[PDB]
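Undergrad: Sending over a structure as structure tokens; questions will come in a sec.
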Amino acid sequence: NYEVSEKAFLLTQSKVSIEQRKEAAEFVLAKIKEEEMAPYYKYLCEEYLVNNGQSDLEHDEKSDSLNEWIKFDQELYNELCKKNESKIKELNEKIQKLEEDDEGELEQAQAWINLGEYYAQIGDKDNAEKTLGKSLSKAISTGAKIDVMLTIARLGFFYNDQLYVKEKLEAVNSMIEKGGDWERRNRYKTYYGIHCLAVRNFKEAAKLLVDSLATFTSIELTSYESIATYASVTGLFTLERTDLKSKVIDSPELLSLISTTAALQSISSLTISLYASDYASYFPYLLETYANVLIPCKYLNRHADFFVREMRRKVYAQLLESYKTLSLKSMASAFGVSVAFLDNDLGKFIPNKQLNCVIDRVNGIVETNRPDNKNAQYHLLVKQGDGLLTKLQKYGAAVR
Amino acid sequence: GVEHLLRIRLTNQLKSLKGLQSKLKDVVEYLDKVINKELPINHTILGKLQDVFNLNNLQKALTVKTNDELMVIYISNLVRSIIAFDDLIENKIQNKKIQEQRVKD
């Protein structure tokens, strides 16, 4: 269900082109004639409002925005009951006869597991996890448990529900912790970091994506280079510049990945320009980054403007370490900013204690604040040193 | 052998003051004898006496540099602040003992 999830994701916010939502809408109507996508489109209008929420024919009666092409016509309306008879009335009667004839054990479990995948395309989630629970008691080895954790993971992928799905994803590994091969051991930890990207835990969850996407891909939902853009942007985002030379710019998979398609423009254009300390050509590569990468990708657009605040402070911080004092004519008259427009970027970063820099408003001499031998031994020691008696007397003064 | 027949930080500092008065009482009594009444034949010993005073008996020229030498003393208080907090580690663990006594009681 990645095709309808990735392409129709442009229905959230697209400020670039109008045909982006139109071209992606063709894949929605093409894939829905085979398998039922109806519960996916119903949630699109129930998530974001006053943008695309008025395009549904029957939810409430509304017409708005630019898109008349996403809807259920009189054909799919009559096909709504046709798919329900095949996915419920037809399948449940065949499995019910298996319990009466008592044929096999794991074969009956795989029947409920395969049937449980149809409930994801139905839109009733109470019977989705119920059928998986019936096959849970019939599951013996780890072969039948592979598709169980995949169907449960689709509940948060297909319905975009990060609340009730993460409880079931953790319940499988917590009740019985085995993992089998290290391939699945990374799968239980991958789904853990997916729901943490919705709450935006930053480098905690995002550090596992660059490791998993550079080794193995499920290959069933998508391809290797389609979701590779998630690890390309978060690669330089989470990892410091010191380790970018031994990891990102030199990699067996990444250097062969840029030759597959030009839609990345991260591990190549942004990495080489950042390692060369040249910000003249580095910034125009960011112009095609957010547009052609962050917006179309799902988990990347969940952040969007959350990337730059961490990245914009870091790109200048690395330049301040290479010189004691810089010049305003280098920043204002050359690369990324003008004179007056510089106050908007570094103006809000310093009061947040993100970086320490000094700009001269007369002679135009940029000055860098260097802690020298102070560092965390003196100043930062006082800050985090007060937490010793703060956390001790918090619950300690009340005894029991 | 003599220890068996005969048988901390504040006591060690007590001997320091006794050595401070030794510097005071030895110089004042000796120097006052050479000067004023009854000058003995001297200036042979005086060269050795003033050899101590050149190097608040020592040097005020390092007062600016002394603050850099005092830094090690300030560093000793950096860890000691946690060492004083390290006593609260056992102090918090010992809280479980009495709390356990109330459960058994």
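We name chains A, B, ... following the order of the structure tokens; residues begin at 1 in each chain, and ligands are numbered from 1 as shown.
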Can you work out which residues from chain B touch chain A at a cut-off of 10 Å (counting only C-alpha atoms) and hand them back as a list in words?

TA: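 Going by the stated atoms only, the list reads residues 75, 78, 81, 82, 85, 88, 89, 92, 95 and 99 of chain B.
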
Undergrad: Using only C-alpha atoms, which protein or nucleic acid residues come within 7 Å of range 297-302 of chain A? Drop anything in the same chain fewer than 3 positions from it, and give the result as a list in words.

TA: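 Surrounding residues, per the criterion: residues 6, 9, 230, 293 and 294 of chain A.
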
Undergrad: Keeping only N, CA, C and O atoms, write those residues as an mmCIF file, in the first residue's frame.

TA:
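Full text of selection.cif as output:
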data_model
loop_
_atom_site.group_PDB
_atom_site.id
_atom_site.type_symbol
_atom_site.label_atom_id
_atom_site.label_comp_id
_atom_site.auth_asym_id
_atom_site.auth_seq_id
_atom_site.Cartn_x
_atom_site.Cartn_y
_atom_site.Cartn_z
ATOM 1 N N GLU A 6 2.492 6.969 -0.853
ATOM 2 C CA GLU A 6 3.526 7.916 -1.256
ATOM 3 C C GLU A 6 3.005 8.936 -2.262
ATOM 4 O O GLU A 6 3.304 10.130 -2.148
ATOM 5 N N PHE A 9 0.234 11.268 -0.903
ATOM 6 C CA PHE A 9 0.713 12.085 0.204
ATOM 7 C C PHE A 9 0.821 13.558 -0.174
ATOM 8 O O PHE A 9 0.771 14.419 0.711
ATOM 9 N N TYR A 230 14.948 9.235 2.311
ATOM 10 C CA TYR A 230 14.755 9.477 3.737
ATOM 11 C C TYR A 230 16.081 9.440 4.487
ATOM 12 O O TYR A 230 16.334 10.284 5.355
ATOM 13 N N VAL A 293 12.343 16.589 -2.814
ATOM 14 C CA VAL A 293 12.661 15.482 -1.916
ATOM 15 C C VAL A 293 11.761 15.533 -0.689
ATOM 16 O O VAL A 293 10.983 14.605 -0.438
ATOM 17 N N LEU A 294 11.870 16.611 0.089
ATOM 18 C CA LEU A 294 11.166 16.676 1.367
ATOM 19 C C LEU A 294 9.652 16.680 1.180
ATOM 20 O O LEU A 294 8.933 15.993 1.913
#

Undergrad: Running DSSP on the backbone, which parts of range 339-394 of chain A land in alpha helix (DSSP H), as a ChimeraX atom specification?

TA: /A:342-349,375-385,387-394

Undergrad: Skipping near chain neighbours, those fewer than 5 positions away, what residues fall within 10 Å of range 17-32 of chain B using only C-alpha atoms, listed as a ChimeraX atom specification?

TA: /B:12,37,39,46,49,57

Undergrad: Only N, CA, C and O atoms, please: the residues just picked out, written as a compact mmCIF listing (two decimals), in the first residue's frame.

TA:
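Heads up, here's the output in result10.txt:
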# COMPACT_ATOMS: atom_id res chain seq x y z
N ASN B 12 47.07 17.72 61.93
CA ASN B 12 48.20 18.02 61.05
C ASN B 12 48.37 19.52 60.86
O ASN B 12 49.49 20.00 60.66
N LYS B 37 72.23 47.59 70.82
CA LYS B 37 73.35 47.50 71.74
C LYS B 37 74.19 46.25 71.45
O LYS B 37 73.66 45.20 71.08
N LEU B 39 76.96 45.28 69.20
CA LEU B 39 77.12 44.69 67.87
C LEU B 39 78.22 43.64 67.89
O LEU B 39 79.38 43.99 68.13
N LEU B 46 75.01 37.40 57.90
CA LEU B 46 73.92 38.18 57.30
C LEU B 46 73.70 37.82 55.84
O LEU B 46 72.57 37.89 55.35
N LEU B 49 71.35 34.92 55.92
CA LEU B 49 70.02 35.25 56.42
C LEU B 49 69.16 35.86 55.33
O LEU B 49 68.05 35.39 55.06
N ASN B 57 56.54 35.99 53.09
CA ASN B 57 57.99 36.05 53.09
C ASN B 57 58.64 35.89 51.71
O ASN B 57 59.86 36.03 51.61

Undergrad: CA of residue 325 in chain A and CA of residue 245 in chain A are how many Å apart?

TA: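 We find that CA of residue 325 in chain A and CA of residue 245 in chain A lie 25.8 Å from each other.
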
Undergrad: Using only C-alpha atoms, determine which residues lie at most 8 Å from range 341-348 of chain A, disregarding the query and same-chain residues fewer than 6 positions distant; provide the list as a list in words.

TA: residues 312, 313 and 332 of chain A

Undergrad: Any idea what the distance is between CA of residue 16 in chain A and CA of residue 235 in chain A?

TA: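 Going from CA of residue 16 in chain A over to CA of residue 235 in chain A, I get 24.8 Å.
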
Undergrad: Hey, can you check how far CA of residue 262 in chain A sits from CA of residue 30 in chain A?

TA: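 CA of residue 30 in chain A lies at a distance of 26.3 Å from CA of residue 262 in chain A.
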
Undergrad: Which polymer residues have any atom within 12 Å of an atom of residue 285 in chain A, counting only C-alpha atoms, with same-chain residues fewer than 4 positions away left out, as a PyMOL selection string?

TA: chain A and resi 263-274+278-281+289-293+336

Undergrad: Could the residues in this selection be written to a file with N, CA and C atoms, as an mmCIF file, in the first residue's frame?

TA:
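Wrote it out as part.cif, contents follow:
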data_model
loop_
_atom_site.group_PDB
_atom_site.id
_atom_site.type_symbol
_atom_site.label_atom_id
_atom_site.label_comp_id
_atom_site.auth_asym_id
_atom_site.auth_seq_id
_atom_site.Cartn_x
_atom_site.Cartn_y
_atom_site.Cartn_z
ATOM 1 N N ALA A 263 17.248 12.094 -8.232
ATOM 2 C CA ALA A 263 16.263 12.686 -7.337
ATOM 3 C C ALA A 263 16.751 12.810 -5.899
ATOM 4 N N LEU A 264 17.972 12.370 -5.598
ATOM 5 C CA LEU A 264 18.492 12.486 -4.235
ATOM 6 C C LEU A 264 19.038 13.887 -3.978
ATOM 7 N N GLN A 265 20.167 14.220 -4.609
ATOM 8 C CA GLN A 265 20.808 15.530 -4.465
ATOM 9 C C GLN A 265 21.127 15.837 -3.003
ATOM 10 N N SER A 266 21.520 14.807 -2.255
ATOM 11 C CA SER A 266 21.853 14.969 -0.847
ATOM 12 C C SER A 266 23.221 14.372 -0.541
ATOM 13 N N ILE A 267 23.349 13.052 -0.693
ATOM 14 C CA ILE A 267 24.610 12.372 -0.414
ATOM 15 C C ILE A 267 25.713 12.734 -1.395
ATOM 16 N N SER A 268 25.389 13.447 -2.475
ATOM 17 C CA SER A 268 26.380 13.842 -3.470
ATOM 18 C C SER A 268 26.557 15.353 -3.529
ATOM 19 N N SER A 269 25.524 16.098 -3.927
ATOM 20 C CA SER A 269 25.663 17.545 -4.069
ATOM 21 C C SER A 269 25.862 18.222 -2.718
ATOM 22 N N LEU A 270 25.081 17.827 -1.711
ATOM 23 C CA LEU A 270 25.176 18.467 -0.404
ATOM 24 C C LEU A 270 26.377 17.978 0.395
ATOM 25 N N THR A 271 26.764 16.712 0.230
ATOM 26 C CA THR A 271 27.862 16.171 1.025
ATOM 27 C C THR A 271 29.209 16.693 0.542
ATOM 28 N N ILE A 272 29.424 16.715 -0.775
ATOM 29 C CA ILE A 272 30.697 17.185 -1.312
ATOM 30 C C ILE A 272 30.868 18.678 -1.058
ATOM 31 N N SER A 273 29.796 19.455 -1.227
ATOM 32 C CA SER A 273 29.887 20.894 -1.009
ATOM 33 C C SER A 273 30.101 21.231 0.461
ATOM 34 N N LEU A 274 29.580 20.407 1.372
ATOM 35 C CA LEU A 274 29.784 20.652 2.795
ATOM 36 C C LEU A 274 31.183 20.236 3.236
ATOM 37 N N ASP A 278 32.636 24.918 0.981
ATOM 38 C CA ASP A 278 32.199 25.897 -0.009
ATOM 39 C C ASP A 278 30.685 26.028 0.100
ATOM 40 N N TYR A 279 30.225 27.170 0.603
ATOM 41 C CA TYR A 279 28.803 27.442 0.752
ATOM 42 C C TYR A 279 28.225 28.234 -0.412
ATOM 43 N N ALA A 280 29.046 28.592 -1.401
ATOM 44 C CA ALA A 280 28.533 29.307 -2.565
ATOM 45 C C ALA A 280 27.628 28.411 -3.400
ATOM 46 N N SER A 281 28.105 27.217 -3.744
ATOM 47 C CA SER A 281 27.315 26.258 -4.504
ATOM 48 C C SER A 281 26.525 25.300 -3.622
ATOM 49 N N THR A 289 16.157 20.717 -2.917
ATOM 50 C CA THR A 289 16.052 19.689 -1.887
ATOM 51 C C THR A 289 14.633 19.607 -1.333
ATOM 52 N N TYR A 290 14.171 20.679 -0.686
ATOM 53 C CA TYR A 290 12.846 20.664 -0.073
ATOM 54 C C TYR A 290 11.753 20.429 -1.108
ATOM 55 N N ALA A 291 11.913 20.988 -2.308
ATOM 56 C CA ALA A 291 10.873 20.880 -3.327
ATOM 57 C C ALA A 291 10.729 19.448 -3.832
ATOM 58 N N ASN A 292 11.825 18.855 -4.300
ATOM 59 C CA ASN A 292 11.782 17.574 -4.996
ATOM 60 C C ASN A 292 12.061 16.376 -4.097
ATOM 61 N N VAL A 293 12.343 16.589 -2.814
ATOM 62 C CA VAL A 293 12.661 15.482 -1.916
ATOM 63 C C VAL A 293 11.761 15.533 -0.689
ATOM 64 N N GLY A 336 25.226 33.467 0.899
ATOM 65 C CA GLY A 336 23.861 33.078 1.201
ATOM 66 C C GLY A 336 22.883 34.140 1.662
#

Undergrad: Would you list the contacts of residue 195 in chain A as number ranges by chain, taking every protein, DNA or RNA residue within 12 Å and counting only C-alpha atoms, but skipping same-chain residues closer than 4 positions in sequence?

TA: A: 153, 155-157, 160-170, 188-191, 199-202, 204-206, 299, 302

Undergrad: Save out the residues we just selected, C-alpha atoms, as a PDB file, in the first residue's frame.

TA:
ATOM      1  CA  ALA A 153       2.752  -2.345  10.934  1.00  0.00           C
ATOM      2  CA  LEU A 155      -2.204  -0.387  10.393  1.00  0.00           C
ATOM      3  CA  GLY A 156      -0.044   2.641  11.185  1.00  0.00           C
ATOM      4  CA  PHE A 157       1.253   2.915   7.631  1.00  0.00           C
ATOM      5  CA  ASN A 160      -1.492   6.962   9.477  1.00  0.00           C
ATOM      6  CA  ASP A 161      -2.405   6.141  13.096  1.00  0.00           C
ATOM      7  CA  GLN A 162       0.640   6.397  15.372  1.00  0.00           C
ATOM      8  CA  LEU A 163      -1.320   6.061  18.648  1.00  0.00           C
ATOM      9  CA  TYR A 164      -2.967   2.633  18.876  1.00  0.00           C
ATOM     10  CA  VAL A 165      -0.626   0.941  16.383  1.00  0.00           C
ATOM     11  CA  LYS A 166       2.612   1.507  18.317  1.00  0.00           C
ATOM     12  CA  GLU A 167       1.094  -0.312  21.306  1.00  0.00           C
ATOM     13  CA  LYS A 168       0.553  -3.452  19.217  1.00  0.00           C
ATOM     14  CA  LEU A 169       3.977  -3.185  17.562  1.00  0.00           C
ATOM     15  CA  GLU A 170       5.679  -3.194  20.971  1.00  0.00           C
ATOM     16  CA  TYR A 188      11.177  -4.697  15.453  1.00  0.00           C
ATOM     17  CA  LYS A 189      13.481  -1.748  16.180  1.00  0.00           C
ATOM     18  CA  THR A 190      12.646  -0.101  12.841  1.00  0.00           C
ATOM     19  CA  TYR A 191       8.904   0.063  13.529  1.00  0.00           C
ATOM     20  CA  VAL A 199       6.367  12.848  17.808  1.00  0.00           C
ATOM     21  CA  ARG A 200       9.721  14.098  16.429  1.00  0.00           C
ATOM     22  CA  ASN A 201      12.323  12.629  18.765  1.00  0.00           C
ATOM     23  CA  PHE A 202      15.027  13.922  16.351  1.00  0.00           C
ATOM     24  CA  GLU A 204      16.987   9.126  18.610  1.00  0.00           C
ATOM     25  CA  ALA A 205      14.697   7.528  16.017  1.00  0.00           C
ATOM     26  CA  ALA A 206      16.354   8.986  12.908  1.00  0.00           C
ATOM     27  CA  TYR A 299       8.267  11.078   6.733  1.00  0.00           C
ATOM     28  CA  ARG A 302       6.416  15.404   8.492  1.00  0.00           C
TER      29      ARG A 302
END

Undergrad: Could you list, as a ChimeraX atom specification, every residue within 10 Å of residue 76 in chain A, counting only C-alpha atoms and ignoring same-chain residues fewer than 5 positions away?

TA: /A:29,32-33,36,38,71,81-83
